[PDB]
Q: 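Would you mind keeping the following structure in view while I ask a few things?
Heavy atoms only: backbone and side chains are in, while hydrogens, waters and symmetry mates are out. Letters A, B, ... mirror the listed sequences (proteins, then strands); counts begin at 1.
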Amino acid sequence: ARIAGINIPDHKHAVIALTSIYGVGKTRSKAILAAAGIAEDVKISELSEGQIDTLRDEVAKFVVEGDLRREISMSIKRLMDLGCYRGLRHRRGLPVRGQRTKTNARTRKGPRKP
Amino acid sequence: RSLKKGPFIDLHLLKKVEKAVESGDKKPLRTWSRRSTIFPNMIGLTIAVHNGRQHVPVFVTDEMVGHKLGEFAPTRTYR
Amino acid sequence: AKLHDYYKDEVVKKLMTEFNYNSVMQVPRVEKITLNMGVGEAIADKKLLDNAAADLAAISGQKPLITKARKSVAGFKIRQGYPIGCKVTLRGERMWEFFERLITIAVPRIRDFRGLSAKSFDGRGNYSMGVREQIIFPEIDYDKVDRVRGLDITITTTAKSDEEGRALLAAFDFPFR
RNA sequence: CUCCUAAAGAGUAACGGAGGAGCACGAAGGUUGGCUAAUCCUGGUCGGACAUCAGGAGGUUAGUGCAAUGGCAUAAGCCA
RNA sequence: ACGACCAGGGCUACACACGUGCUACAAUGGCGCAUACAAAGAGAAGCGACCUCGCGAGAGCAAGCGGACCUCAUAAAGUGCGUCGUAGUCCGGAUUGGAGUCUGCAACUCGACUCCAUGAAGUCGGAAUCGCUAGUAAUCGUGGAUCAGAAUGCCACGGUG
């Protein structure tokens with residue numbers, strides 16, 4: 001159905017359906033299903049509404065939703081406004097973690113332009 | 001990414017910072033220790049960090065604590 | 001007429017002293033809620049505009065009014081008289097039964113809610129805000145969604161200034177960031 | 001065909017100064033009922049200088065199947 | 001001084017072009033649990049078990065081993081069961097944010113690794129072009145040199161074939 005994470009997860013195995021939330025991967029999905037009491041191989045259908053309310057109550061413990069997007073934007077903005085090395089690498093769309101820029105920077109640089 | 005057994009700072013820079021804060025506002029601190037960590041008692045001072053040829057003036061703010069000094073002095077020129 | 005009844009008994013006498021009005025007729029009112037859906041891209045195909053207006057028909061229970069282009073402009077390459085968007089104005093209790101339907105259901109649904117702005121006033125006491133998603137309403141089901149088109153909502157009040165305007169919706173517990 | 005030359009009735013020439021027409025429409029005709037612009041400002045999902053929405057300013061600076069002139073709110077303009 | 005010492009920086013840049021590789025685009029596959037079968041090597045400022053703590057990288061304690069004895073060291077493809085059911089997906093892992101570990105005087109430029117989160121391109125590749133004839137190609141792991149740390153490279157080893 002729908003979760004406190006607005007997003008609407010698909011009707012499939014709960015462990016994989018909960019991954020559709022921004023901020024919930026496989027490990028956090030397994031942890032949510034374990035702390036809630038729901039099996040991992042059960043679909044989102046066949047789940048009572050009282051069980052979805054339980055899943056919401058558990059996902060409320062994590063910062064996983066536009067809130068997390070806001071915290072990531074805040075960190076990158078702090079880096080850019082600080083003017084440090086990583087801030088400059090973020091400003092110019094260049095790799096931040098020491099990767100080579102002579103070749104192979106296509107994820108940060110995008111499609112090549114002559 | 002240094003262990004959690006305490007941050008690193010060069011001793012000469014540490015003593016320079018204590019002498020600068022105990023003696024009131026001073027001139028920029030000329031240093032070559034780009035690897036030193038910015039500590040909270042350096043907030044307010046402007047440290048001139050070497051970048052290879054010059055000493056780049058860096059006015060320290062509370063948002064810089066935890067960074068290394070060389071993070072605010074680029075070493076390569078690109079236009 | 002929940003907030004409608006809540007209007008004539010509660011928010012009038014707190015406002016009557018808040019601005020020290022001499023007559024009850026001086027208190028601001030809420031005339032109409034008009035929902036606009038500017039399609040813009042219906043010129044490519046008009047099969048999508050009818051179902052677009054079908055959504056707006058389900059949000060308020062009123063058959064929408066298809067607006068036409070007032071004049072030809074090539075900047076968006078339309079000739080005057082083309083079906084460009086639909087709209088619905090709501091008055092009376094159908095406005096009220098909708099006015100609570102969002103403030104108590106339309107508020108707690110928007111993704112990454114941060115609260116409404118207090119600066120989005122016309123300057124003479126009328127509020128307007130736009131919702132980006134249409135799946136925020138209970139009526140429109142997520143299963144049946146061909147597009148994610150939003151819509152604008154403006155609040156027409158008899159208030160004379162924004163201060164009297166913001167004071168009225170604040171009495172209805174409006175989220176003001 | 002329209003304006004000016006044309007000398008405040010009409011008319012008035014030049015290889016004088018400027019523009020148009022050789023159609024369109026069974027509704028763009030008749031009638032009854034209703035309606036009132038341009039532009040700009042402010043606010044507002046995508047939406048931008050410019051789309052649709054709301055409000056204020058403004059008062060016909062708009063509109064009139066087409067040139068110009070004279071008209072047009074009782075609208076001759078717009079809708080059924 | 002074109003000699004010598006030092007600190008910091010650079011050799012790691014980045015519109016772009018090429019060579020050589022690794023990982024993929026998936027179902028002859030991904031994931032989960034269970035389980036089978038190697039060879040060749042290295043080790044004393046070294047390899048470091050067992051046990052305890054940690055989600056993990058690792059940490060503490062502390063045997064044995066100059067080694068057919070001890071350690072690295074659990075081979076992996078495979079096989080059994082379950083699931084996914086052709087979707088940019090339970091494919092793919094880039095990139096980025098946060099939190100850490102270890103080496104090292106010191107991980108900013110500019111280390112490796114771990115955890116959480118995110119989830120680019122990519123759905124088999126134009127012209128053209130390469131290797132390979134049998135335990136070969138293809139594919140799957142393992143070890144060593146250099147080395148404080150830093151292998152998708154190099155050199156070697158076996159499994160299926």
Q: If you assign each of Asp122(C) and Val148(C) to its closest nucleotide in RNA chain D, which residue comes earlier from the 5' end?
A: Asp122(C)

Q: Taking a pair to be Watson-Crick (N1-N3 plus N6-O4 or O6-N4) or G-U wobble (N1-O2 and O6-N3), each under 3.5 Å, are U52(D) and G59(D) paired?
A: no

Q: For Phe62(A), answer base if it contacts any base atom (sugar-phosphate contacts may also be present), sugar-phosphate if it contacts only those atoms, and nothing otherwise; contact means non-hydrogen atoms under 4.0 Å.
A: nothing

Q: Indicate, with a heavy-atom threshold strictly under 4.0 Å, whether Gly40(C) touches base, sugar-phosphate, or nothing.
A: base

Q: Looking only at whether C1'-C2'-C3'-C4' is positive or negative, is the sugar of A36(E) north or south?
A: north

Q: Atom pairs, N/O to N/O, protein against nucleotides 82-91 of chain E, distance under 3.5 Å?
A:
unit_1 : atom_1 : unit_2   : atom_2 : d
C90(E) : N4     : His13(A) : ND1    : 3.0

Q: Give, ordered by number, those residues of residues 54-75 of chain C having at least one heavy-atom distance below 4.0 Å to an atom of RNA chain D; if nothing qualifies, reply none.
A: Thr67(C), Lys68(C), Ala69(C), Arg70(C), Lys71(C), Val73(C), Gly75(C)

Q: With rounding to the closest Å, how many angstrom separate the P atoms on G30(D) and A6(D)?
A: 41 Å

Q: Atom CD1 of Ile33(C) and atom P of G55(D): how far apart are they, to the nearest Å?
A: 12 Å

Q: Reckon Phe76(C) touches a base, only the sugar-phosphate, or nothing at all at heavy-atom distances under 4.0 Å?
A: base

Q: On a whole-Å scale, what distance lies between the P atoms belonging to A17(E) and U114(E)?
A: 33 Å

Q: Assess, by modelled atom type and distance only, whether the side chains of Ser23(C) and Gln26(C) contain a donor and an acceptor separated by less than 3.5 Å.
A: no

Q: Give a yes or no on whether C154(E) and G144(E) are a Watson-Crick or wobble pair, applying the 3.5 Å threshold to both distances.
A: yes

Q: Any base atoms under 4.0 Å from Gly130(C), or only sugar-phosphate, or nothing? Heavy atoms, all strands.
A: sugar-phosphate

Q: Between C90(E) and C84(E), how far apart are the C1' atoms? Round to whole Å, please.
A: 6 Å

Q: Reading RNA chain D from 5' onward, which residue's closest nucleotide shows up sooner: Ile78(C) or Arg124(C)?
A: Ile78(C)

Q: Scan the side chains in residues 59-71 of chain B for donor-acceptor partners under 3.5 Å anywhere in the protein, sequence neighbours excluded, and list what turns up.
A:
unit_1   : atom_1 : unit_2   : atom_2 : d
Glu63(B) : OE2    : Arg78(A) : NH1    : 3.2
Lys68(B) : NZ     : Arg35(B) : O      : 2.5
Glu71(B) : OE2    : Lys68(B) : N      : 3.2

Q: Could you check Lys30(A), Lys12(A), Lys26(A) and say which one makes a salt bridge (charged side-chain N to carboxylate O under 4.0 Å, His left out) with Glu40(A)?
A: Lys30(A)

Q: Can you name the ring pair (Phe, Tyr, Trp, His ring centres under 6.0 Å) partners of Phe19(C), sequence neighbours left out?
A: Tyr21(C)

Q: What integer number of Å spans the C1' atoms of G41(E) and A137(E)?
A: 27 Å

Q: Taking a pair to be Watson-Crick or G-U wobble with both distances under 3.5 Å, do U64(D) and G30(D) qualify?
A: no

Q: Just to confirm, is there a sub-4.0 Å distance from OP1 or OP2 of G55(D) to any side-chain nitrogen or oxygen of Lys32(C)?
A: yes

Q: So which nucleotide from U109(E), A15(E), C102(E) ends up closest to the side chain of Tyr85(A)?
A: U109(E)

Q: Identify, residue by residue, the members of residues 149-163 of chain C with a heavy atom below 4.0 Å from RNA chain D, and return them in order of residue number, or none.
A: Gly150(C), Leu151(C), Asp152(C), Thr154(C), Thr156(C)

Q: Is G66(E) a north or a south sugar when classified by the sign of torsion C1'-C2'-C3'-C4'?
A: south

Q: Watson-Crick or G-U wobble between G153(E) and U118(E), both distances under 3.5 Å?
A: no

Q: Have a look at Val39(C) and say if it touches a base, only the backbone sugar-phosphate, or nothing, with a 4.0 Å heavy-atom cut-off.
A: base

Q: Can you tell me the pairing partner of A4(E) across any strand shown, Watson-Crick or G-U wobble, with both distances under 3.5 angstrom?
A: none

Q: Give, for atom CG of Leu49(C) and atom CD1 of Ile43(C), the distance between the pair rounded to the nearest 0.5 Å.
A: 11.5 Å

Q: What integer distance in Å separates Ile76(A):CD1 from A117(E):P?
A: 18 Å

Q: Is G64(E) base-paired with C47(E), counting Watson-Crick or G-U wobble geometry with both distances under 3.5 Å?
A: yes

Q: Under a 3.5 Å cut-off for both distances, is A134(E) Watson-Crick or wobble paired, and to whom?
A: none

Q: Please state the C1' separation for the pair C53(E) and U101(E) - nearest whole angstrom.
A: 15 Å

Q: Using purine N1 to pyrimidine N3 plus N6-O4 or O6-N4 for Watson-Crick, or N1-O2 and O6-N3 for G-U wobble, each under 3.5 Å, what pairs with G111(E)?
A: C102(E)

Q: With no angle test and no hydrogens, is the base of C108(E) tied to the side chain of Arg34(B) by a donor-acceptor pair under 3.5 Å?
A: yes

Q: Would you mind classifying the nucleic acid contact of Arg76(B) as base, sugar-phosphate or nothing, using non-hydrogen atoms under 4.0 angstrom?
A: sugar-phosphate

Q: Applying a 3.5 Å limit to both distances, which nucleotide forms a Watson-Crick or G-U wobble pair with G67(E)?
A: none

Q: My understanding is that a pair needs two contacts under 3.5 Å, Watson-Crick or G-U wobble. By that rule, which nucleotide pairs with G29(E)?
A: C84(E)

Q: Write down the partner of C16(E) under the Watson-Crick or G-U wobble criteria, each distance required to be under 3.5 Å.
A: none

Q: Please report whether the ring centroid of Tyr85(A) lies less than 6.0 Å from that of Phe72(B).
A: no

Q: Checking base pairs now: Watson-Crick or wobble, both atom distances under 3.5 Å. What partners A6(D)?
A: none

Q: Can you list, by residue number, the residues of residues 89-114 of chain A that have a non-hydrogen atom closer than 4.0 angstrom to RNA chain D?
A: none

Q: Return the nearest nucleotide to the side chain of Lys87(C); candidates are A54(D), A106(E), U118(E).
A: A54(D)

Q: Does the pairing criterion hold for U142(E) and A117(E)? That is, Watson-Crick or G-U wobble with both distances under 3.5 Å.
A: no

Q: Under 3.5 Å for both donor-acceptor distances, Watson-Crick or wobble: does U74(D) have a partner, and if so which one?
A: none

Q: Once you round it to whole Å, what is the distance between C1' of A106(E) and NE2 of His12(B)?
A: 11 Å

Q: Please determine whether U45(D) and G71(D) constitute a Watson-Crick or G-U wobble pair, defined by two donor-acceptor distances each under 3.5 Å.
A: no

Q: Looking at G56(E) next to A57(E) in the strand, do their six-membered base rings stack, centres under 5.5 Å and planes under 30°?
A: yes

Q: Using only atom types and a distance under 3.5 Å, with no angle test, would you say the side chain of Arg29(C) pairs donor to acceptor with the backbone of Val27(C)?
A: yes

